[PDB]
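Protein sequence lines correspond, in order, to chains C and X. Per UniProt numbering, numbering through the first sequence is continuous, rising by one, with the last residue being 511. Per UniProt numbering, numbering through the second sequence is continuous, rising by one, with the last residue being 511. The C-beta atom is built at its ideal place from N, Cα and C for all residues, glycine as well. Single-structure report; data block below.
Protein chains: 2
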Amino acid sequence: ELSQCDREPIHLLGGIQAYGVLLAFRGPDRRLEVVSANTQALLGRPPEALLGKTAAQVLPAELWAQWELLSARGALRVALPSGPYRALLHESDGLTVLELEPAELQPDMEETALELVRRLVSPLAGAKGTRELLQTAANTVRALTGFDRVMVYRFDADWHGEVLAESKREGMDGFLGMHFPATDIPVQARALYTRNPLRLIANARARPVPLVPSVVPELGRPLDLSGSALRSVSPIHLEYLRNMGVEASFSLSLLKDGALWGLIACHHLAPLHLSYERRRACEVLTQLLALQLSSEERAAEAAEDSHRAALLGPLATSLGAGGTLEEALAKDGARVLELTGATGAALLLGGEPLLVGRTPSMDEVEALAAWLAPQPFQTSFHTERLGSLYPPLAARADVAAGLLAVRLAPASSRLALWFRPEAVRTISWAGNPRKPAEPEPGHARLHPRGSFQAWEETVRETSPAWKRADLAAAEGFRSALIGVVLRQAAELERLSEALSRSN
Amino acid sequence: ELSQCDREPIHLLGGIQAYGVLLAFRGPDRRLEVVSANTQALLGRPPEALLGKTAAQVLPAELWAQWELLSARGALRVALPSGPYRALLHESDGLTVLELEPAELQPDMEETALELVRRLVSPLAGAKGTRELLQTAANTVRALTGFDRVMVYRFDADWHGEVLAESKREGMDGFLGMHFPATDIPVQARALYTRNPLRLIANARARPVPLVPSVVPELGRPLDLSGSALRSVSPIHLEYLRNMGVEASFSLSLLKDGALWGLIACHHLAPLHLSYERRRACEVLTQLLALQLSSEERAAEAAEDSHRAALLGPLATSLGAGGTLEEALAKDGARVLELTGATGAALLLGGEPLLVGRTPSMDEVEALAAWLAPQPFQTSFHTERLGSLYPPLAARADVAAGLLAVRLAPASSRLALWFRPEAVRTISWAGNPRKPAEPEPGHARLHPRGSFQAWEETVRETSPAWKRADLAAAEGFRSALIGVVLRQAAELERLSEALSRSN
Ligand SMILES: */C=C/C1=C(C)C(=O)N/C1=C\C1=NC(=C\c2[nH]c(/C=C3/NC(=O)C(C=C)=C3C)c(C)c2CCC(=O)O)/C(CCC(=O)O)=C1C
Ligand SMILES: */C=C/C1=C(C)C(=O)N/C1=C\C1=NC(=C\c2[nH]c(/C=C3/NC(=O)C(C=C)=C3C)c(C)c2CCC(=O)O)/C(CCC(=O)O)=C1C
Numbered sequence: 009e010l011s012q013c014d015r016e017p018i019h020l021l022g023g024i025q026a027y028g029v030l031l032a033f034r035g036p037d038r039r040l041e042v043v044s045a046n047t048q049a050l051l052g053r054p055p056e057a058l059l060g061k062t063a064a065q066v067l068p069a070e071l072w073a074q075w076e077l078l079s080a081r082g083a084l085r086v087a088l089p090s091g092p093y094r095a096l097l098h099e100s101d102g103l104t105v106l107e108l109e110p111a112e113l114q115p116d117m118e119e120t121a122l123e124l125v126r127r128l129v130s131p132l133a134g135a136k137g138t139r140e141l142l143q144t145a146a147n148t149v150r151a152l153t154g155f156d157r158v159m160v161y162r163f164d165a166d167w168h169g170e171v172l173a174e175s176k177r178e179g180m181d182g183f184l185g186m187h188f189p190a191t192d193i194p195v196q197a198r199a200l201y202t203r204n205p206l207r208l209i210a211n212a213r214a215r216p217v218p219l220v221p222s223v224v225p226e227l228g229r230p231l232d233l234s235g236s237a238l239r240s241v242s243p244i245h246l247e248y249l250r251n252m253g254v255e256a257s258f259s260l261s262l263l264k265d266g267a268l269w270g271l272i273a274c275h276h277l278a279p280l281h282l283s284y285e286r287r288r289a290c291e292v293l294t295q296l297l298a299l300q301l302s303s304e305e306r307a308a309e310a311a312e313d314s315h316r317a318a319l320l321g322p323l324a325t326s327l328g329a330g331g332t333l334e335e336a337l338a339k340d341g342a343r344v345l346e347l348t349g350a351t352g353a354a355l356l357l358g359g360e361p362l363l364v365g366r367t368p369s370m371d372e373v374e375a376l377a378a379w380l381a382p383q384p385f386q387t388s389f390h391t392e393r394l395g396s397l398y399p400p401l402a403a404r405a406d407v408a409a410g411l412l413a414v415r416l417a418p419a420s421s422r423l424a425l426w427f428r429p430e431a432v433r434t435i436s437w438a439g440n441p442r443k444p445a446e447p448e449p450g451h452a453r454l455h456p457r458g459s460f461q462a463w464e465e466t467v468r469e470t471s472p473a474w475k476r477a478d479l480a481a482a483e484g485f486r487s488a489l490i491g492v493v494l495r496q497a498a499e500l501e502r503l504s505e506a507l508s509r510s511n
Numbered sequence: 009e010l011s012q013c014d015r016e017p018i019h020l021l022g023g024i025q026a027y028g029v030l031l032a033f034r035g036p037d038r039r040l041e042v043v044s045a046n047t048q049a050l051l052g053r054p055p056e057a058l059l060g061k062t063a064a065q066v067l068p069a070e071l072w073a074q075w076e077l078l079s080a081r082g083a084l085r086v087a088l089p090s091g092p093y094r095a096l097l098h099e100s101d102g103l104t105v106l107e108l109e110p111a112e113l114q115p116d117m118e119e120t121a122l123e124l125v126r127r128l129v130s131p132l133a134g135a136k137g138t139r140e141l142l143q144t145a146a147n148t149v150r151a152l153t154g155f156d157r158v159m160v161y162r163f164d165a166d167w168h169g170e171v172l173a174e175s176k177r178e179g180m181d182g183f184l185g186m187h188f189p190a191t192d193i194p195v196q197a198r199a200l201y202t203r204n205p206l207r208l209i210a211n212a213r214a215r216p217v218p219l220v221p222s223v224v225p226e227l228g229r230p231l232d233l234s235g236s237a238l239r240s241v242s243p244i245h246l247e248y249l250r251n252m253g254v255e256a257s258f259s260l261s262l263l264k265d266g267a268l269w270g271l272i273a274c275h276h277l278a279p280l281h282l283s284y285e286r287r288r289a290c291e292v293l294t295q296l297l298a299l300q301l302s303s304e305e306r307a308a309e310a311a312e313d314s315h316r317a318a319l320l321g322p323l324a325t326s327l328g329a330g331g332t333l334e335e336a337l338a339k340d341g342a343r344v345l346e347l348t349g350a351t352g353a354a355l356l357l358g359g360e361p362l363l364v365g366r367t368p369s370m371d372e373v374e375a376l377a378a379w380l381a382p383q384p385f386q387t388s389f390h391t392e393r394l395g396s397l398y399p400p401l402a403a404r405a406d407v408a409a410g411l412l413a414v415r416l417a418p419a420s421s422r423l424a425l426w427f428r429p430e431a432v433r434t435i436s437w438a439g440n441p442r443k444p445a446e447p448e449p450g451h452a453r454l455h456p457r458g459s460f461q462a463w464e465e466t467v468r469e470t471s472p473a474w475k476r477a478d479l480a481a482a483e484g485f486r487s488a489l490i491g492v493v494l495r496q497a498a499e500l501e502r503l504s505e506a507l508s509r510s511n
């Protein structure tokens, strides 16, 4: 099995896990076009007999009694001689689908509606930090659901994923700082998770039981189960979970204005069950997290812009206090250095180029200054990778991964190189998984050990992107209160001319 | 209309409204303490004879069968021969209470909770800022209730009332931007509003039926009903609610980190009944609005401050471009006004006074510059009421009600000042509904006048308080960010004179 997954569609496997039982109705007859293989236990007749019979006869009276209310709402309690069963309606490909789920034996009088929502929303009374908000949400989710581990992901612009918050019981390895490639999650999976809020993987050991028409004749395709919540997982992802060691999963999809921002993944080692009320409350909890994250991301970006301005401001205090600027940058290296979130600065101002922080060598920076002139840059230049644009520094990686340049003078070549380290260097290596387990897995698919490589070779020779705040600060320092720099140059020159006349 | 209102104890009034009935119990013997006058219809036997009787025969057998069940939830729906009835239990004064309320005929099986919650949440998908958050929330709450006029109230630091947004159908009076003094909400009422989220006005027309006995013997005062949601309101508020003509109200409280930031008070001209599914939905909606309101408030700042810091930047571009400071302010007189959110600005860099915007004449400016030097302020002087701090300028405070002054020179007396207009002038006088009412009110207890008239005299010689961002910008103006850029003009002039007369 090679090159599998992305080619394979995931909405048309035609398989159902043994958790529930589904049937397909169509037309006034509501014929049993598609039936399950496990319906023998509940219906009491062989599935092939069920085929080609009217829905009124086949359905037990318990389900038929509240069928109108079931269509009105889509969820109500029906008690069978075996026991009570959750019932739902979902329309796919023009055919209605009746879904039956084994409800718990609990009387359900306890854990009433809307009180779990209060229990979940109470701890979030504070929650300043976006990362700390995700941490608190993970804590509450773990407290309610009882799963071993809760992890929260953020998706990068190119759909690279990382882990932000992690709430877990003591004992298992921490997964904070994880980075996994965008290709780990296929496009169709992202679309499906966008469409439906919750995904439940009841048990990994369970062998899927397929519905038993081979192919739908009228459609020519297996029945689509995208809306249905009983979709069977892909075998590749099943082996993923088997290698990782998690068997029951409960995944929540965080959406910011229709964009899949990240996922909450509740993981447990053994198959567990969750009540219907808890899941219904968790859907609302997902909506709350979506809204709160949508607001707080804007809050954090505004705060970062304000801090960038309030950091660029004091730089005018040093230059203007009397001390020469070339000594001033050495005096105040940190503030000028962190105006863009970069690690190296190099300045051309008329004299020999000056270096602050980790910067490329003298020959390298002068060659870069020579090379930058022919390209017409109206105000500034933004680049993500330097190897493609500039061959000579492609070999250099540790001080040549990122570049940001602004020309201080419109005519004269005044170059302000800003180098930001490679994404793999700026991110703490404490974020890697490490902790090598003794058993040897396939090492190609599973995340433990045999992963995090695709990230490092996909983003190799690439630095973290220059945010809107980063380029705004780049322009601001292209000025750097351009009055102070231009007027100190002019003032020094015009005092020097008077001194030379006095000379 | 007697003996004012502040001394009146709301907590201890112990009144029972028209619809529901109450009865108290003590200990395992559950001695009956108090009864309502209207319970005889529901109980079927005279209330006076049951004083101190056992619950076995006073109360119908069905409630006693569900007493242990009612204790768990604290509220339950039960079928009674008269009809469905809804009962509650809670603790007050060491004495347990049983409350009975008329019940809606719906068995709470159709359109249950946790599916209208998403109906309320979905419109909030946008709401880029606080104002539209409140607008959308008010609109959707109005849609849920079906009431006539929803309203939102905001309180200042000194508890003065604001009206941010409202949603109304066509054909009534609007009070957007209308103002009410802090004393309109008694200090007794604020703590109670903090304690419980929801309070419902059952019927304004119906007089409060008395509670029997008139007073409990053991305590000497009627038992309080803070936990109860049926507690009757003051007779003083009956005249108010009659004057505005509303019949029922449904008060929703918005608390941020334990403080009454806002208050939602729906109004309906005629009586209307709301089910507890809706009530338990809107209490969740208040808990909802709390967090998102905090988030949007916290996001609004650090963006206004960022814009002010960025706004100060082009003032530097006014320099370097050919011209002096006088000419720089001549072309750019607009931008310097919003640097501190003040309509007038004055500067004194050593020469004759120069003014921008509507500021006091130069003689009083010189007088205040002379007077501020004896007053010890190291970096800035932020006074909200000028007359209290400085008598002579109290006479003309239309534009000099509030001032922010900074010393340009470190030791010498060089000043930069900003003058804000007095309040009421800045606010949009839209609080008047126009259309003087054909009925004649007392002009002291109604929406227009009485309220917003005591408020105006309460905030005479007052301006919006100097926040953090405007003073930060003001101190940045004097700080070595643009002040040094101003100083460099002196060195440029010095080099010009060095070139002058010597060539
Ligand atoms: C060629 C594509 C795939 C290779 C790569 C592979 O191993 N699986 C592929 C496709 C699918 N991924 C599905 C679900 C899924 N996989 C991940 C990957 C992870 N990266 C990590 O660090 C961790 C945790 C340690 C994981 C699990 C994720 C995040 C997901 C989303 C759901 C989940 O978290 O389990 C998948 C099934 C569809 C779906 O459930 O979305 C296919 C097919
Ligand atoms: C000190 C006595 C009072 C006079 C003064 C008065 O006008 N109100 C007094 C005390 C109480 N006010 C109560 C309710 C209430 N009052 C307001 C303020 C307003 N100012 C206005 O101009 C308008 C008209 C639009 C109003 C409504 C508000 C906002 C409220 C709460 C709204 C509500 O009833 O839900 C009151 C009873 C408290 C209660 O149970 O609500 C007292 C006592």
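Secondary structure within the UniProt domain "Phytochrome chromophore attachment site" (137-295) of chain X: the beta strand (DSSP E) runs of 3 or more consecutive residues, fully enclosed, are 157-163, 174-176, 206-208, 256-264 and 267-276 (chain order). Assigned with DSSP and collapsed to three states, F460 (chain X) falls in coil, not helix or strand. Against chain C, a Cβ distance below 7 Å from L503 (chain X) picks out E499, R502, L503 and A506. When DSSP states are grouped into helix, strand and coil, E309 (chain X) belongs to the coil group. Within the DSSP bridge table, the entry for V364 (chain C) names C:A353 as partners. Not one heavy atom of ligand 2 sits closer than 7 Å to the Cβ of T466 (chain C). With a cut-off of 8 Å on Cβ pairs, the region 13-32 of chain X is in contact with the region 206-217 of chain X, counting three or more such pairs.
Straight-line measurement puts the Cα of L40 (chain C) at about 43 Å from the Cα of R81 (chain X).
DSSP places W474 (chain C) outside any alpha helix (DSSP H), giving it a letter other than H or E. The continuous beta strand (DSSP E) containing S388 (chain X) extends over residues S388 to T391. Within chain X, not a single residue places a beta-carbon under 7 Å from that of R286 (chain C); the smallest gap is close to 11 Å. For a cut-off of 8 Å, the C-beta gap from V344 (chain X) to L323 (chain X) is around 7 Å, short enough to register as a contact. Per DSSP, the beta bridge partners of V86 (chain C) are C:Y93. Between the C-alpha atoms of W437 (chain C) and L319 (chain X) there is a straight-line separation of about 40 Å. Among the CB atoms of chain C, none fall inside 8 Å of the CB of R250 (chain X). DSSP places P441 (chain X) outside any beta strand (DSSP E), giving it a letter other than H or E. One Cα belongs to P68 (chain C), the other to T120 (chain C), and the distance between them is close to 29 Å.
Counting the other Cβ atoms within 10 Å of the Cβ of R495 (chain C) gives 16 or more, which makes it buried. Taking a cut-off of 8 Å on C-beta distances, the region 201-210 of chain C touches the region 237-249 of chain C, as three or more cross pairs fall below it. The beta-carbon distance between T348 (chain C) and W269 (chain C), rounded to whole angstroms, is 25 Å. This is too long to meet the 8 Å contact definition. Assignment of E99 (chain C) by DSSP, reduced to helix, strand and coil, places it in the strand class. C:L337 is the residue among C:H315, C:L337, C:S314 and C:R316 whose C-alpha sits nearest the C-alpha of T325 (chain C). At least one heavy atom of ligand 1 lies less than 7 Å from the C-beta of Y201 (chain C). Around the beta carbon of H187 (chain C), 16 or more other beta carbons sit within 10 angstroms, so the residue counts as buried. In this structure, DSSP gives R433 (chain C) a state outside helix and strand, which the three-state scheme calls coil. Here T351 (chain C) is buried. Its C-beta has 16 or more other C-beta atoms within 10 Å. Contact between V42 (chain C) and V224 (chain C) is confirmed by a C-beta separation of about 7 Å, below the 8 Å threshold. Under a 10 Å Cβ-count criterion, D478 (chain C) is classified as buried, with 16 or more other Cβ atoms of the shown protein chains found around its own Cβ.
The straight-line gap separating the alpha-carbon atoms of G330 (chain X) and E483 (chain C) is approximately 22 Å.
Residue environment for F183 (chain X): buried (at least 16 other C-beta atoms within 10 angstroms of its C-beta). Rounded to the nearest angstrom, the gap between the Cα atoms of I272 (chain X) and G169 (chain X) is 12 Å.
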